[PDB]
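S.K.: My questions all concern the structure below.
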Amino acid sequence: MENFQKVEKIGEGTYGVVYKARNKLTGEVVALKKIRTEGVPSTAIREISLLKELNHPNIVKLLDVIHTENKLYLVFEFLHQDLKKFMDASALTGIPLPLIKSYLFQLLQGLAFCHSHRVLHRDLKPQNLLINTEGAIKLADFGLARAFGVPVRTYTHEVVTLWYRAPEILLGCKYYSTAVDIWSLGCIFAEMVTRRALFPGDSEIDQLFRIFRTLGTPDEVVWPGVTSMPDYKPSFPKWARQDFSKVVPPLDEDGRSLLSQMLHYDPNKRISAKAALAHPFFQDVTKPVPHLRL
Ligand SMILES: Cc1nc(C)c(-c2ccnc(N)n2)s1
C-alpha cells in the first residue's frame with residue numbers, strides 16, 4: 001500500500017506473505033501481512049476490528065487494518081525474532097531454564113488476558129511467538145484463526161504444522177475452547193526444555209498416535225466422552241502412558257507437575273492460563289535478558 005515501503009520479506013504465513021515495512025508517514029517499522037476471493041466478508045472485518053482492541057504487553061499489537069481495493073492488509077507491531085529461530089540458535093546449550101520460565105510465564109499472561117475476553121489463538125507455535133531484546137516474548141496473529149478458516153496447506157503450498165494441535169481437535173470436536181491454547185503452549189514448553197519437538201506428527205493420525213504413545217491412549221476413565229467423539233475409532237491401538245520423568249528430563253518436579261496439567265487429555269481438566277500462573281513452578285520467576293544476535 002502507498003503509505004508503506006516494504007524493506008524485505010519476513011516469511012510465508014498461514015494467511016499470506018509477511019513483510020517488514022516502514023510507514024512513510026510515521027517512520028515506524030512494522031510487520032505487514034496480506035490476506036488472500038470474494039471481497040472479504042463483513043464478518044471477518046468485524047472480528048478483526050475487535051482484535052484492534054485487545055491490547056496487552058504480551059500480545060503483538062495490531063496497529064492498523066487496511067481494507068482497500070477489496071483487499072485485506074494487517075499491520076502489526078514488529079519484533080526482530082521468533083522462538084523457532086531463537087531455539088535453533090540455542091540448540092547447543094539450550095535456552096537457560098530461567099529464561100524458559102520467564103517466557104512461559106509471559107505467554108500464560110497473554111493467554112489469560114485473551115481467554116478472559118473469550119478470544120483464543122487456536123494455532124500457537126514457535127513461529128508466532130515473537131521476542132525482543134528486552135527479555136519479552138509475545139503472541140502474534142492472535143484471533144486470526146476464527147476470523148479466517150485455517151487451511152491445511154498455505155497459499156505457498158507449505159504444509160501447516162500439526163505438532164501443537166490439541167487432541168480434541170484431532171478427534172473432530174468442532175467447538176474448541178481456550179484449552180487448545182494451553183495444550184499448544186505445553187507442547188512448546190516441553191520443546192524448549194528438551195530442545196526437540198514433543199509430538200512431530202506429519203499427518204493427523206501420526207500426530208494423534210504420537211500423542212497416544214507418550215501419554216497413553218485415552219479412555220473414558222481419563223477423558224469422559226472421548227469414545228463418542230467424531231474421529232475416535234474403537235480400533236485405536238491401546239498404548240500405555242510413558243512417565244514424564246522420561247519425557248522431559250531434566251525439567252524439575254514443579255515443571256513436570258505443571259506440564260502434566262497443561263497436557264491433560266480432557267479439555268475441562270486441563271489447567272487454565274490463570275491457574276497456571278499461580279503454579280509453584282513460577283515461585284522464582286525472573287525476567288532475564290536473552291542473548292540475541294540480529
Ligand atoms: C511468518 C511470520 N510470522 C510472524 C508472526 C511474523 C512477524 C515477524 C515480525 N513481526 C511480526 N509481528 N510478525 S513473520
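Chains: A, B, ... in order of the C-alpha cells. Residues: from 1 per chain. Ligands: from 1, in order shown.
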Considering only C-alpha atoms, return as a list in words whatever protein or nucleic-acid residues lie within 10 Å of residue 14 of chain A, sequence-local ones (same chain, fewer than 5 positions apart) excluded.
M.R.: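 Within the cut-off, the hits are residues 35, 123, 141, 144, 145, 150, 151, 152, 153, 154, 155, 156, 157, 158, 159 and 160 of chain A.
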S.K.: Would you write out those residues with C-alpha atoms, as a short mmCIF file (atom, residue, chain, number, x, y, z; two decimals), in the first residue's frame?
M.R.:
```
data_model
loop_
_atom_site.label_atom_id
_atom_site.label_comp_id
_atom_site.auth_asym_id
_atom_site.auth_seq_id
_atom_site.Cartn_x
_atom_site.Cartn_y
_atom_site.Cartn_z
CA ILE A 35 -4.60 -11.78 3.41
CA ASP A 123 -2.73 -22.09 16.29
CA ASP A 141 -1.64 -13.50 14.94
CA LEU A 144 -6.96 -14.64 13.10
CA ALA A 145 -7.97 -18.32 13.01
CA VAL A 150 -7.41 -22.11 8.91
CA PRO A 151 -6.31 -24.09 5.78
CA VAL A 152 -4.41 -27.39 5.71
CA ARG A 153 -1.89 -26.10 3.16
CA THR A 154 -0.82 -22.45 2.87
CA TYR A 155 -1.14 -20.39 -0.32
CA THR A 156 2.58 -21.12 -0.70
CA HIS A 157 1.66 -24.81 -0.69
CA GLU A 158 3.57 -25.14 2.58
CA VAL A 159 2.20 -27.75 4.96
CA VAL A 160 0.81 -26.26 8.17
#
```
S.K.: Please write out the residues within 9 Å of ligand 1 as number ranges by chain, counting only C-alpha atoms and all ligand atoms.
M.R.: A: 9-20, 30-33, 60-62, 75-82, 127-130, 138-141
S.K.: Now that the selection is made, can you save its residues with C-alpha atoms as a compact mmCIF listing (two decimals), in the first residue's frame?
M.R.:
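As written to disk, selection37.txt reads:
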```
# COMPACT_ATOMS: atom_id res chain seq x y z
CA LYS A 9 10.06 -10.48 3.11
CA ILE A 10 9.94 -11.92 6.64
CA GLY A 11 8.34 -15.17 5.54
CA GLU A 12 5.27 -17.00 4.32
CA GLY A 13 2.48 -17.04 6.87
CA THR A 14 -0.62 -19.20 7.20
CA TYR A 15 -2.69 -16.32 5.83
CA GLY A 16 -0.27 -14.82 3.33
CA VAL A 17 3.13 -13.21 2.85
CA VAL A 18 4.56 -11.22 5.77
CA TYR A 19 6.70 -8.19 5.00
CA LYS A 20 8.84 -5.98 7.23
CA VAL A 30 6.10 -2.79 11.13
CA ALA A 31 5.07 -6.30 10.10
CA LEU A 32 2.65 -6.14 7.17
CA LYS A 33 0.51 -9.15 6.30
CA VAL A 60 1.75 -8.43 19.37
CA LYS A 61 -0.13 -5.18 18.82
CA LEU A 62 -2.37 -4.91 15.77
CA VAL A 75 -0.27 -4.05 10.10
CA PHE A 76 1.38 -5.40 13.25
CA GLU A 77 3.98 -4.21 15.72
CA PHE A 78 7.34 -5.56 14.51
CA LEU A 79 9.59 -7.85 16.61
CA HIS A 80 13.05 -8.97 15.48
CA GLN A 81 12.82 -12.72 16.04
CA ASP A 82 10.58 -15.72 16.67
CA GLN A 127 6.81 -19.36 14.60
CA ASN A 128 4.22 -16.94 16.02
CA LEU A 129 5.89 -16.38 19.38
CA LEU A 130 7.99 -13.24 18.95
CA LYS A 138 4.67 -12.00 22.59
CA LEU A 139 1.83 -13.88 20.92
CA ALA A 140 1.37 -12.99 17.24
CA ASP A 141 -1.64 -13.50 14.94
```
S.K.: My list of candidates is A:172, A:237, A:126, A:135. Which is closest to residue 187 of chain A when distances are computed with only C-alpha atoms?
M.R.: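 With only C-alpha atoms as the atom set, the closest residue is A:126.
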S.K.: Please return, as a ChimeraX atom specification, all residues of segment 46-237 of chain A that DSSP assigns to strand (DSSP E) on the basis of the backbone.
M.R.: /A:62-68,71-77,81-82,129-131,137-139
S.K.: Do you know which residues are at most 8 Å from residue 188 of chain A counting only C-alpha atoms, after dropping those on the same chain fewer than 6 positions away, and could you put them as a count of residues only?
M.R.: 5
S.K.: Which residues are near residue 46 of chain A? Cut-off 12 Å, only C-alpha atoms, ignore same chain within fewer than 5 positions. Put them as a VMD selection string.
M.R.: chain A and resid 40 to 41 51 to 53 65 67 143 to 144 146 to 148
S.K.: Selection from above, C-alpha atoms, as a PDB file, in the first residue's frame, can you write it?
M.R.:
```
ATOM      1  CA  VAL A  40     -13.644 -10.173   2.271  1.00  0.00           C
ATOM      2  CA  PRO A  41     -16.883 -10.900   4.197  1.00  0.00           C
ATOM      3  CA  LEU A  51      -8.816  -7.575  17.769  1.00  0.00           C
ATOM      4  CA  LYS A  52      -7.690  -3.970  17.401  1.00  0.00           C
ATOM      5  CA  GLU A  53      -8.912  -3.502  20.968  1.00  0.00           C
ATOM      6  CA  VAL A  65      -6.432  -2.828   9.449  1.00  0.00           C
ATOM      7  CA  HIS A  67      -9.269  -2.760   3.656  1.00  0.00           C
ATOM      8  CA  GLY A 143      -7.585 -14.446  16.843  1.00  0.00           C
ATOM      9  CA  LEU A 144      -6.959 -14.643  13.100  1.00  0.00           C
ATOM     10  CA  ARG A 146     -11.603 -17.610  13.944  1.00  0.00           C
ATOM     11  CA  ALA A 147     -11.596 -14.694  11.500  1.00  0.00           C
ATOM     12  CA  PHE A 148     -10.395 -16.947   8.662  1.00  0.00           C
TER      13      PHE A 148
END
```
S.K.: List the neighbours of residue 243 of chain A out to 10 Å using only C-alpha atoms; skip same-chain residues closer than 2 positions along the sequence, and give me the result as a count of residues only.
M.R.: 9
S.K.: Of the candidates A:221, A:29, A:179, A:173, which one gets nearest to residue 119 of chain A if we count only C-alpha atoms?
M.R.: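 Distance minimum relative to residue 119 of chain A lands on A:179.
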